[PDB]
Structures are given as C-alpha cells and as structure tokens.
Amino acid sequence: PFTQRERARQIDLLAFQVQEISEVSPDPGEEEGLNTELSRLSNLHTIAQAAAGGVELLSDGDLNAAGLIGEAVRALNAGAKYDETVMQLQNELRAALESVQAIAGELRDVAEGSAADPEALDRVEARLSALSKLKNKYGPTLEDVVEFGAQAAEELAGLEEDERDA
C-alpha cells in the first residue's frame, strides 16, 4: 500500500478476505462435532450396505445359501427314510436352514430400519469443506483463520483512515 494505487488495491484485497471469512463464520472447535457426526453417518451407511450384502448372499440373490441348503435337505429325503443317521443329519440341516433364514431376516431389519441419512452426511461434508477451504488460505487451524481475519480488518481500517486524510 505504498503508492496511492497500491493502497487502493490493498484495500480491496483486505475487504475481500474479511468478507470471505465472515461469510463462513468459522467457530474454532466446531470441527470436533462435525468429524464425530461425519464418522457416525458414514458408518451408518457402511452398516446398511453390509446387512444388505449379507441378505443377498443368504436369501435374496438368484444364488443364495438358504437355497442350496434347501436343495441339500431335499436330496437327503429318500436316504433319511432308510438310515437313522441320515434322518438325524437331515434334521440338523433343517435347523441350520432356519438359523440362516432368521439371520437373513434380522439383517433385513437392520438395513430397513437404518437411520442412514445421505443428505445429512452431505451437509456435514459441505461445512467441513467450507472450513477446509479457509484453512488452505488463512490456516492452518481455525484459530489461525479467525486471527487472519481480525488482523486484516485492523489493517483495512488503518488504510481507510489514511485515504480519509488524503
């Protein structure tokens, strides 16, 4: 801000930066809660996709575990008529089948009852993104960003006063 034109240009620069920061309004310490919420929502999605993946392999897919176990049970039927061991094993296989079906059903409940919220997740990511952008210019911490803005505002007022006198 040495020459008159330089000062004019400096005034614009400072005003821009103070404006950019004030608009986002970073509050130091806010990222703690954002990060916690980010991981919570991200994990919720992961949990829901896992449960659904298990349901497909166990029950719903064209090829599935319950389906093969059921075929096995049926293949044992004629044998079970003549041999007590096969009869016993067929019966234990039916119980295994019921367990697999019960598990698939409870996994289905997990996926269906999920509190995953993709819009919420996007909002959390958006705020972290706004703060990151400030930190990449005025950082490295939010404390640093806030002080940058405060020093810019003080410098700006000094230059406006200089212009006021000239």
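When you see a residue number, it is the position in the sequence shown, counting from 1.
K.L.:
Mean C-alpha B factor from the entry: is it higher for 37 to 45 or for 61 to 69?
P.N.:
Looking at the record's C-alpha B-factors, the answer is 61 to 69.
K.L.:
Would you mind comparing 105 to 113 and 124 to 132 for me and telling me which has the higher average C-alpha temperature factor in the entry?
P.N.:
The entry gives the higher C-alpha B-factor average to 105 to 113.
K.L.:
Classify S25 as lowest, middle or highest third according to the C-alpha B-factor given in the PDB entry, relative to its own chain.
P.N.:
For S25, whose C-alpha B-factor we compare with every modelled residue in the chain, the answer is the middle third.
K.L.:
Could you tell me which third, lowest, middle or highest, the C-alpha B-factor of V146 occupies within its chain?
P.N.:
Within its chain, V146 is a lowest-third residue by C-alpha B-factor, going by the deposited values.
K.L.:
For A152, does the deposited CA B-factor place it in the lowest, middle or highest third of the chain?
P.N.:
Highest third.
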